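S.K.:
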Amino acid sequence: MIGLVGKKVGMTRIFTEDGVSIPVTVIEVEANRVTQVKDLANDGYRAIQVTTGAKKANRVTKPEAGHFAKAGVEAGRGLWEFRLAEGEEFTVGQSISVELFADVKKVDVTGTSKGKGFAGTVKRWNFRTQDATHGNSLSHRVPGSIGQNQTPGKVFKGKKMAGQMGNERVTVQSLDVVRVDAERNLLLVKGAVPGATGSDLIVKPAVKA
Amino acid sequence: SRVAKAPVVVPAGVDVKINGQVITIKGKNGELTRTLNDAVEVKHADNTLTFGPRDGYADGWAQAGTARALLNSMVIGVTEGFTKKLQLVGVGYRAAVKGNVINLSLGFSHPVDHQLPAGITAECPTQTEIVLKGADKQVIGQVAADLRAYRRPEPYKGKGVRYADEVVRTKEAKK
Amino acid sequence: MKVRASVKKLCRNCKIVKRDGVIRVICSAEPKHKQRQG
Amino acid sequence: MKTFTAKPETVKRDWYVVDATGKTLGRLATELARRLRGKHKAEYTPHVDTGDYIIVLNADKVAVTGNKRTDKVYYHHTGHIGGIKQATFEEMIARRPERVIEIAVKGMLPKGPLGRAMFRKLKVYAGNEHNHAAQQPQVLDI
RNA sequence: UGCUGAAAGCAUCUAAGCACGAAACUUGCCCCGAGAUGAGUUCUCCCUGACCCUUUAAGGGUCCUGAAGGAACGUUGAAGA
RNA sequence: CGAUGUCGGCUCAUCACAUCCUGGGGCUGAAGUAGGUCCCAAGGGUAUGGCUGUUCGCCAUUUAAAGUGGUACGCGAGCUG
RNA sequence: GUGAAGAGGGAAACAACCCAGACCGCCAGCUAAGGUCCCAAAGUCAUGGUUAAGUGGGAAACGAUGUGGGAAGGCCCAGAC
Ligand SMILES: [Mg+2]
Ligand SMILES: [Mg+2]
Ligand SMILES: [Mg+2]
Ligand SMILES: [Mg+2]
Ligand SMILES: [Mg+2]
Ligand SMILES: [Mg+2]
Ligand SMILES: [Mg+2]
Ligand SMILES: [Mg+2]
Ligand SMILES: [Mg+2]
Ligand SMILES: [Mg+2]
Ligand SMILES: [Mg+2]
Ligand SMILES: [Mg+2]
Ligand SMILES: [Mg+2]
Ligand SMILES: [Mg+2]
Ligand SMILES: [Mg+2]
Ligand SMILES: [Mg+2]
Ligand SMILES: [Mg+2]
Ligand SMILES: [Mg+2]
Ligand SMILES: [Mg+2]
Ligand SMILES: [Mg+2]
Ligand SMILES: [Mg+2]
Ligand SMILES: [Mg+2]
Ligand SMILES: [Mg+2]
Ligand SMILES: [Mg+2]
Ligand SMILES: [Mg+2]
Ligand SMILES: [Mg+2]
Ligand SMILES: [Mg+2]
Ligand SMILES: [Mg+2]
Ligand SMILES: [Mg+2]
Ligand SMILES: [Mg+2]
Ligand SMILES: [Mg+2]
Ligand SMILES: [Mg+2]
Ligand SMILES: [Mg+2]
Ligand SMILES: [Mg+2]
Ligand SMILES: [Mg+2]
Ligand SMILES: [Mg+2]
Ligand SMILES: [Zn+2]
Numbered sequence: 001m002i003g004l005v006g007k008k009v010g011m012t013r014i015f016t017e018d019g020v021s022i023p024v025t026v027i028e029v030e031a032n033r034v035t036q037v038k039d040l041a042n043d044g045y046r047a048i049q050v051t052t053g054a055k056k057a058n059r060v061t062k063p064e065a066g067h068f069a070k071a072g073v074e075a076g077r078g079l080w081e082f083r084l085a086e087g088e089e090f091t092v093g094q095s096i097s098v099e100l101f102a103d104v105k106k107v108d109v110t111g112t113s114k115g116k117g118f119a120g121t122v123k124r125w126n127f128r129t130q131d132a133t134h135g136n137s138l139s140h141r142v143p144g145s146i147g148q149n150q151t152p153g154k155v156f157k158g159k160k161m162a163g164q165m166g167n168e169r170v171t172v173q174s175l176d177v178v179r180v181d182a183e184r185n186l187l188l189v190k191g192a193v194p195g196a197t198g199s200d201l202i203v204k205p206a207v208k209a
Numbered sequence: 210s211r212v213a214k215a216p217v218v219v220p221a222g223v224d225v226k227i228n229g230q231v232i233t234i235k236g237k238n239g240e241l242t243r244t245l246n247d248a249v250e251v252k253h254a255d256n257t258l259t260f261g262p263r264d265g266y267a268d269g270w271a272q273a274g275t276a277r278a279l280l281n282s283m284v285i286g287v288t289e290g291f292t293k294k295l296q297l298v299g300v301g302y303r304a305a306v307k308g309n310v311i312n313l314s315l316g317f318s319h320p321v322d323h324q325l326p327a328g329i330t331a332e333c334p335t336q337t338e339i340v341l342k343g344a345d346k347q348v349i350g351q352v353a354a355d356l357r358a359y360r361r362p363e364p365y366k367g368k369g370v371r372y373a374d375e376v377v378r379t380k381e382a383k384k
Numbered sequence: 385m386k387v388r389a390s391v392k393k394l395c396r397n398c399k400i401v402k403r404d405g406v407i408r409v410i411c412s413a414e415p416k417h418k419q420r421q422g
Numbered sequence: 423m424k425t426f427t428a429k430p431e432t433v434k435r436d437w438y439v440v441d442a443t444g445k446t447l448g449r450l451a452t453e454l455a456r457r458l459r460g461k462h463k464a465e466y467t468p469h470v471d472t473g474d475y476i477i478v479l480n481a482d483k484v485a486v487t488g489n490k491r492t493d494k495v496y497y498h499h500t501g502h503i504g505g506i507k508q509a510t511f512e513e514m515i516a517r518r519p520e521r522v523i524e525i526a527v528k529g530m531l532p533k534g535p536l537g538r539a540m541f542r543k544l545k546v547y548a549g550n551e552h553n554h555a556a557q558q559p560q561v562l563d564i
């Protein structure tokens, strides 16, 4: 089943009648409008290409604006692509609303996580710090040993070392959808999705069920 | 060898078609088809099938003797059919048939249902007895093995699904 | 299943069979006699 | 005088279609590597690619003898420390069958920049068809 | 663990044929990923001038032209050494 | 021997399988529960303290289990001394 | 005996093993050990067998109706197994 492209509005809580507070993440989902329908005869696979939001007319480029003009649709802030299941099809200028998730129960939310920058191995890979006293010479948060003596003149591939943390595509699976508000284009999922406030989110129905 | 030298007599009302290595044997109980091994030479001497080693093969008489007893069994299957009987030993163990789904009740927390294959028909005279009939001998023995495989009979009481003819060597729990 | 280097017939009902390159003793009478050369 | 050498500008190359149905793997592959090297031509030169373009189709129907269909093993290593991988022959036919002809010929070509250039002329296909009718390939019988 | 079944009138899970069988294996889940030099595919956009040259060729130059786009600069960021 | 820093701890590990746990089996002097034993299996998991410089060991209390080894008895141009 | 104090060829690489002792030059010929499907020069040679284990291409006591060859024996068309 296809997914929809939304935006992380922020987090809040839904007080139930029973006295339970559900921490929810508001994801506004405007009308995703398709820009290209891909098929087996031309493209080798079945998918649709959607767009959302608006964009400044002086900033959408002539190659990019020609792509919306062929579909005959207003330029949106990006272009995403969702693989089609069998027996599932869409027309070109079709708009897709948040009512698609009206009867799903769990979703998977894909976003780009927050950028931690260059992070050390205590923060990134959860290494233990060494001893903060008892004689330690300049080695309180260092990664310690990284290999062995002469047997493998070498550090192995994928060794956990410092580097860029976050700012990358991650997917949180099986989030309970709380409320689907079609009138003001919202989608309330239980819990915390990746991404900062205002970043693009990809909400698909849950594949692990 | 000695099995393969003894020819297999086709009766009346049993149609036999030789086609290369593919042999289709029809009859009043169904049709059966088996591609033979390429080491086997088959020919129909007008009332009997004969079975000879095709040249340029090592296991000549070995493959021919396998090809004898199969087509012997294919003849008996299409004029008599095979009938393997199973009984259930144990309290509360029973079986029921819905067309081609035997509904076993073998003391589990979940129901046991077994889908029957194509040419296999089953029947329970009693709740504690399963009688299944069919044409192909390899298939009725396989279905009987599958129904036995749910409760292989315990050696302390003989409890479980057994063949109706087999012996169950029991064992006393000593102390 | 006894697994040994030396596999032997233990009674009159033992039968030495080679199944898939492995010498195996199988007995219809006694389940203690079933063997496998390994 | 001096011994002739082929020249890469003046050398001519030809196109061949080989059907790999039922043929033994290594006995096919050594004839391909003979003709990719160019050792069937009298103007052979070791440092010059003089071999012919070869299209091999029905690559999934190549045959091996013995129990090698279930017992020949294609190892490789991913670089990472646990990264030894393993695939049998009949898994490689099901997964990506063009590699079987390709691995066998690549081991039989010379190792170096010229041997990698010789491998570029081998064009294998799992199916019974190819897009290379424009080069007018002949039916090579092996 | 079997079914059918010879070689070996029997027996036999195997030699021909068939079935089942584990957190291992390949998938399914997530991420990177066409420098995959075998450098792939799809969609859209842009450019429709004159001449000289000798060693005539995937040649060199002049004048006209400067697109799509990019880059630089600036205001900056829940992006960042 | 015109220098290859060494016991133990710390911090990162990584591999083997002669498997400690979990998985699949066979036999049992296997009623069940719980075991014994052997076969398959390296995917993941695999204590904290008291004493001692200790590895080890004993002890206390855990845990599904507290595996055995290789790695310059792994790891001092990473630390401790 | 070789190396030391000896190059060349072969044994993947491999002072001491195998072949063979480099005065120099040659885009000549024959051979040695070792080889002749491709990497890689030369037999996809010929004739007759053996192996189904990738044995070949690592190992013992011991185990087994694997299979090929030979010589002998006791049962057996008075009917064996
Ligand atoms: Mg940041
Ligand atoms: Mg600490
Ligand atoms: Mg200091
Ligand atoms: Mg400090
Ligand atoms: Mg060091
Ligand atoms: Mg190295
Ligand atoms: Mg098996
Ligand atoms: Mg053992
Ligand atoms: Mg039989
Ligand atoms: Mg049987
Ligand atoms: Mg299966
Ligand atoms: Mg020293
Ligand atoms: Mg020095
Ligand atoms: Mg083991
Ligand atoms: Mg057990
Ligand atoms: Mg592992
Ligand atoms: Mg482990
Ligand atoms: Mg592994
Ligand atoms: Mg797995
Ligand atoms: Mg302790
Ligand atoms: Mg040691
Ligand atoms: Mg050490
Ligand atoms: Mg260790
Ligand atoms: Mg140290
Ligand atoms: Mg001291
Ligand atoms: Mg000296
Ligand atoms: Mg020498
Ligand atoms: Mg030498
Ligand atoms: Mg050697
Ligand atoms: Mg050499
Ligand atoms: Mg000569
Ligand atoms: Mg010679
Ligand atoms: Mg070389
Ligand atoms: Mg050659
Ligand atoms: Mg020949
Ligand atoms: Mg008798
Ligand atoms: Zn026995």
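Chains as they are written, first to last, in our numbering: chain F, 1 to 209; chain G, 210 to 384; chain W, 385 to 422; chain Z, 423 to 564.
Virtual Cβ for every residue (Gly too), placed ideally from N, Cα, C.
#1: Report the three-state DSSP secondary structure of G:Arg303 (helix, strand or coil).
#2: Would you please state the rounded distance, in angstroms, between the beta carbons of G:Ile234 and G:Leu295? I believe it to be under 8 Å.
#3: Less than 8 Å between the CB atoms is what I'm expecting for F:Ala196 and F:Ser174, so what's the real figure, rounded?
#4: Distance, Cα to Cα, residue 207 of chain G vs G:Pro220?
#5: Under 7 Å, CB to CB, which of the residues in the stretch 488–519 of chain Z have a partner in chain F?
#6: Grab the span of the alpha helix (DSSP H) containing F:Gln49 for me, first residue to last.
#7: Can you give me the C-alpha to C-alpha distance between F:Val178 and F:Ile27, rounded to a whole angstrom?
#8: Is any non-hydrogen atom of ligand 18 found closer than 8 Å to the C-beta of G:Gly286, if you look at the structure I gave you?
#9: Check the DSSP bridge columns for W:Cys411 and list the partner residues they point to.
#10: Rounded to whole angstroms, what is the Cα-Cα separation between G:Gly316 and G:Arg378?
#11: G:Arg277 to Z:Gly448, Cα distance in whole Å?
#12: Output the boundary residues of the alpha helix (DSSP H) element that contains Z:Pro535.
#13: Quick one: what's Z:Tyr438 bridged to in DSSP?
#14: Just the chain Z side, please: which residues come within less than 8 Å of F:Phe156 by C-beta, in chain order?
#15: Taking 8 Å as the line, does the beta carbon of W:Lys393 fall inside it for any heavy atom of ligand 37?
#16: Locate the beta strand (DSSP E) running through G:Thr244, then write down its first and last residues.
#17: With a threshold of 8 Å on Cβ separation, who are the neighbours of F:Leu188 within its own chain once the five nearest residues in sequence on each side are excluded?
#18: Using 9 Å as the threshold, is the C-beta distance between F:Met165 and F:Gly117 below it?
#19: Given Z:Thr443, which residues of its chain have a CB within under 6 Å of its CB, disregarding the five upstream and five downstream residues?
#20: With a 10 Å radius around its C-beta and 16 neighbouring C-beta atoms as the bar for buried, classify Z:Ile523 as buried or exposed.
#21: Residues bridged to F:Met11 by DSSP?
#22: Any chance the stretch 60–69 of chain F sits against the stretch 152–160 of chain F, with 3 or more Cβ pairs inside 8 Å?
#23: How big is the Cα-Cα spacing for Z:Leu454 and Z:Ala428?
#24: Classify G:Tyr359 as helix, strand or coil using the three-state DSSP reduction.
#25: For a minimum of 3 consecutive residues, which ranges assigned as the beta strand (DSSP E) are wholly contained in the stretch 177–204 of chain F?
#26: Flag this pair as touching only if the stretch 347–366 of chain G and the stretch 318–325 of chain G have three or more C-beta atom pairs under 8 Å; answer yes or no.
#27: Could I get the ranges of all uninterrupted alpha helix (DSSP H) runs contained in the stretch 224–309 of chain G, with 4 residues as the minimum, in chain order?
#28: Can we say the stretch 488–503 of chain Z touches the stretch 530–545 of chain Z, given the rule of at least three CB pairs closer than 8 Å?
#29: Based on Cα-Cα distance, which residue from Z:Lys461, Z:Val470 and Z:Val439 lies nearest to Z:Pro430?
#30: Taking a contact to mean a Cβ-Cβ separation below 9 Å, would you say F:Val170 touches F:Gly6 in this structure?
#31: Compute the Euclidean distance between the alpha carbons of G:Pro320 and F:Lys123, then round it to the nearest angstrom.
#32: Taking the alpha-carbon positions, what's the Z:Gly529 to Z:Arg521 distance?
#33: Is any non-hydrogen atom of ligand 6 found closer than 8 Å to the C-beta of F:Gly153, if you look at the structure I gave you?
#34: Can the beta-carbon of Z:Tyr497 be found closer than 9 Å to that of Z:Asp474?
M.R.: Working from what's here:
#1: Residue 303 of chain G sits at position 94 when you count from the first residue of the second sequence. Note: G:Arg303 maps to strand in three-state DSSP.
#2: Taking the first residue of the second sequence as position 1, residue 234 of chain G is located at position 25. Taking the first residue of the second sequence as position 1, residue 295 of chain G is located at position 86. No, G:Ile234 and G:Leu295 are not in contact; Cβ-Cβ is about 27 Å, not under 8 Å.
#3: As a position in the first sequence, residue 196 of chain F is number 196, starting the count at 1. As a position in the first sequence, residue 174 of chain F is number 174, starting the count at 1. That belief does not hold up - the Cβ atoms of F:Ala196 and F:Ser174 are roughly 22 Å apart, past 8 Å.
#4: Nothing about residue 207 of chain G can be reported from this structure: the residues present for chain G run from 210 to 384 only.
#5: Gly501, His502 and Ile503
#6: For the purposes of this step, residue 49 of chain F is taken as residue 49 along the first sequence, with counting starting at 1. Unbroken run through F:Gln49 is the beta strand (DSSP E), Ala47 to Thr51; no alpha helix (DSSP H).
#7: By 1-based counting over the first sequence, the position of residue 178 of chain F is 178. By 1-based counting over the first sequence, the position of residue 27 of chain F is 27. Whole-angstrom Cα-Cα distance: 11 Å.
#8: Mapped onto the second sequence, residue 286 of chain G falls at position 77. No; taking the cut-off as 8 Å, the Cβ of G:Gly286 has no heavy atom of ligand 18 nearer than that.
#9: Your numbering for residue 411 of chain W matches position 27 in the third sequence. Partner(s): W:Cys398.
#10: Walking along the second sequence from the start, residue 316 of chain G turns up at place 107. Walking along the second sequence from the start, residue 378 of chain G turns up at place 169. Their backbone Cα atoms lie some 22 Å apart in a straight line.
#11: Along the second sequence, read from residue 1 onward, the residue named residue 277 of chain G stands at position 68. Along the fourth sequence, read from residue 1 onward, the residue named residue 448 of chain Z stands at position 26. Near 39 Å, if we compare the C-alpha coordinates of Z:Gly448 and G:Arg277.
#12: One-based indexing of the fourth sequence puts residue 535 of chain Z at position 113. Z:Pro535 -> alpha helix (DSSP H) spans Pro535 to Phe541.
#13: Within the fourth sequence, numbered from 1, the residue matching residue 438 of chain Z stands at position 16. Answer is Z:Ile476 and Z:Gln560, bridged to Z:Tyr438.
#14: Along the first sequence, one-based indexing puts residue 156 of chain F at 156. Those are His502 and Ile503, listed as they occur along chain Z.
#15: Counted from its first residue, the third sequence places residue 393 of chain W at position 9. W:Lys393 Cβ: within cutoff of ligand 37.
#16: As a position in the second sequence, residue 244 of chain G is number 35, starting the count at 1. It spans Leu241 to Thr244 - the beta strand (DSSP E) in which G:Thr244 sits, taken as one unbroken run.
#17: Sequence index remark: in the first sequence, residue 188 of chain F carries index 188 (1-based). These residues qualify, in order along the chain: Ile14, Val24, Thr25, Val26, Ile27, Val177, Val178, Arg179, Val180 and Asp181.
#18: Position 165 of the first sequence, counted from the start, is the residue given in the question as residue 165 of chain F. Position 117 of the first sequence, counted from the start, is the residue given in the question as residue 117 of chain F. Yes, they are a contact pair.
#19: Position 21 of the fourth sequence holds residue 443 of chain Z. So the qualifying residues of the chain are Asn480 and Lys483.
#20: Walking along the fourth sequence from the start, residue 523 of chain Z turns up at place 101. Its Cβ being crowded by 16 or more others within 10 Å, Z:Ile523 is buried.
#21: In the first sequence, counting from the first residue as 1, residue 11 of chain F sits at position 11. For F:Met11, which the question treats as bridged, DSSP gives the partners F:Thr25.
#22: no
#23: Numbered from 1 along the fourth sequence, position 32 holds the residue referred to as residue 454 of chain Z. Numbered from 1 along the fourth sequence, position 6 holds the residue referred to as residue 428 of chain Z. Z:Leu454 and Z:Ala428: Cα-Cα distance of roughly 21 Å.
#24: Mapped onto the second sequence, residue 359 of chain G falls at position 150. Residue state, collapsed to three classes: helix.
#25: 186–190
#26: yes
#27: 269–288
#28: no
#29: As a position in the fourth sequence, residue 430 of chain Z is number 8, starting the count at 1. Out of Z:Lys461, Z:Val470 and Z:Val439, Z:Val470 has the C-alpha closest to the C-alpha of Z:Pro430.
#30: Taking the first sequence and counting its residues from 1, the one referred to as residue 170 of chain F is at position 170. Taking the first sequence and counting its residues from 1, the one referred to as residue 6 of chain F is at position 6. No. Outside cutoff.
#31: On the second sequence, residue 320 of chain G is found 111 positions in, with the first residue counted as 1. On the first sequence, residue 123 of chain F is found 123 positions in, with the first residue counted as 1. Computed Cα separation, rounded: 52 Å.
#32: Working through the fourth sequence from its first residue, we reach residue 529 of chain Z at position 107. Working through the fourth sequence from its first residue, we reach residue 521 of chain Z at position 99. Z:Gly529 and Z:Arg521: Cα-Cα distance of roughly 12 Å.
#33: Locating residue 153 of chain F in the first sequence gives position 153, where the first residue counts as 1. It does: the Cβ of F:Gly153 is within 8 Å (strictly closer) of some heavy atom of ligand 6.
#34: To locate residue 497 of chain Z, count along the fourth sequence from 1; it is residue 75. To locate residue 474 of chain Z, count along the fourth sequence from 1; it is residue 52. In this structure, Z:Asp474 does not lie closer than 9 Å to Z:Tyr497 by Cβ.
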